[PDB]
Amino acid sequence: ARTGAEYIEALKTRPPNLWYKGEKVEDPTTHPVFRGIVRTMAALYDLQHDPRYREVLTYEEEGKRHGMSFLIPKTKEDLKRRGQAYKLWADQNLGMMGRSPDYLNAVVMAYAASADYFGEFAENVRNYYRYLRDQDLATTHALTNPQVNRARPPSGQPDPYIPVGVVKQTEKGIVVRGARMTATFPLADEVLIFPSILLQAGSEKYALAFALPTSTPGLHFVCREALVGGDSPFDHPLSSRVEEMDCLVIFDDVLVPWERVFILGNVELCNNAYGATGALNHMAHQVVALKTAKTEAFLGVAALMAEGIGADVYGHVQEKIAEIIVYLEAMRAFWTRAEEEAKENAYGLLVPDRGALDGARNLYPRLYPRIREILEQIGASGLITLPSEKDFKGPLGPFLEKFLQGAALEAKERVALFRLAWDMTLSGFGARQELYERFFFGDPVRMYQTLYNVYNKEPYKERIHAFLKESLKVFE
């Protein structure tokens, strides 16, 4: 298990090939745009060594101690342990960090347990898993193709190499060219180029699955406009520390060593990789715990805002808070059933129930925009009446302590709270979180179509056919 210091030194020594506003980022650990999130990830690693949480965040195996997200669960009790680790980490950042490495460790863990799925590349998968686990490395991933012409398949874009495709194969590995649309949290040692959108037949050239060090020659991470509001924790409680960053990933004829290839030219293997291995189940397990943590944060802020300005006496405000409570319980329920109904898949890997997890990941994207709206409706103008800590420390401070106090709440505490509520909803950082919740697991339109097609609807149709027998009997 890594310490924060080890993670920081690794990024400083071998930084990912990041670019920000036309310039290469030489040291993300000190760069104004990245130092905050780096410090945050470091804190997650340090927590693994805190006496109070060591048993929750790590497990011992043959003299070594590994992060819980690497544990291949054999019992429901093991699943619960993984869930508690997901939750503890999520709580540290109010569920605002959506791409912490444990999400991808769940994927790799499942891939390894179900390694036979990958055939000749099975050992590569098992070895890669052990590598990430032993070194406790941080990962990032990019699964979607560039949004160019969505009316056409990967092979029908303006260029054959817009999506990541194989240029050639050599004795050392494969050379790839193209790009992936989005990679969140590029402050990692490794990047996973795994499957994502159901590949249409005839996409062999793009049917790939591999992993590479983020410093690989030819690999570039082009970062989008930064959303770090500033470094003041008072003024920017969340964006100053949890801005994970999103980036376009470019592959300029990058060489991928054979040992890092997991899938090559197999459309079907790519399309069923997450489902067959159980990676989908485990990554969705991290997600449900994460969204439960996120909803708990919104509930706390909503309750404090309402109490703070005396709006809690109004029935409709109480109802809005109760709505968040209902959603919180819904997510807790999905989480509980996902673990309780867990069963082993074809490779003997225990996986949390897909019915419950598909429910959770397809419902939350609909609930989040409403939870966000609720905070807006409760806070109203208080959400934009945001003087800075500098204003409180300035000449008008005394006036602000009088006009911005709440009901039995001092002004500084009030503004600190509303600055947080604002950062969770209306700052560039907060607003991005909404788009993220709507799309990170996929496009709802296609996710729902996928659920329709994979779900076993037969039992229900059969019960209706049985019920209708009495109807058709009138013709006998």
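Residue positions are given as counts along the sequence shown, with the first one as 1.
Check: On average, are the C-alpha B-factors higher in 113 to 121 or in 333 to 341?
Finding: If you average the C-alpha B-factors of 113 to 121 and of 333 to 341, the larger mean comes out for 113 to 121.
Checklist line | 54 to 62 versus 429 to 437 - greater average Cα B-factor per the deposited record | finding: Of 54 to 62 and 429 to 437, the stretch with the higher C-alpha B-factor average is 54 to 62.
Notebook entry, point to check: Between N105, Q84, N93, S155, where does the Cα B-factor run highest in the record?
Noted result: Out of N105, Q84, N93, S155, the record gives the largest C-alpha B-factor to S155.
Margin query: According to the Cα B-factor stored in this entry, which of the following is highest: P365, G310, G379, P160?
Written below: Largest recorded C-alpha B-factor: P160.
Checklist line | Third assignment of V148 from its chain's C-alpha B-factors | finding: For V148, the deposited C-alpha B-factor lands in the highest third.
Next item on the list: For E389, return the chain-relative third of its C-alpha B-factor as stated in the PDB record: lowest, middle or highest.
Entry: Its C-alpha B-factor belongs to the middle third of this chain's values.
Notebook entry, point to check: Considering only modelled residues of the same chain, in which third does the CA B-factor of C270 rank: lowest, middle or highest?
Noted result: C270: CA B-factor falls in the highest third of its chain.
Check: Lowest, middle or highest third of the chain for the C-alpha temperature factor of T214?
Finding: Answer is highest: the recorded C-alpha B-factor places it there.
Next item on the list: Could you look up the Cα B-factor of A43 in the entry and say which third of the chain it sits in: lowest, middle or highest?
Entry: Middle third - that is where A43 ends up once the chain's C-alpha B-factors are sorted.
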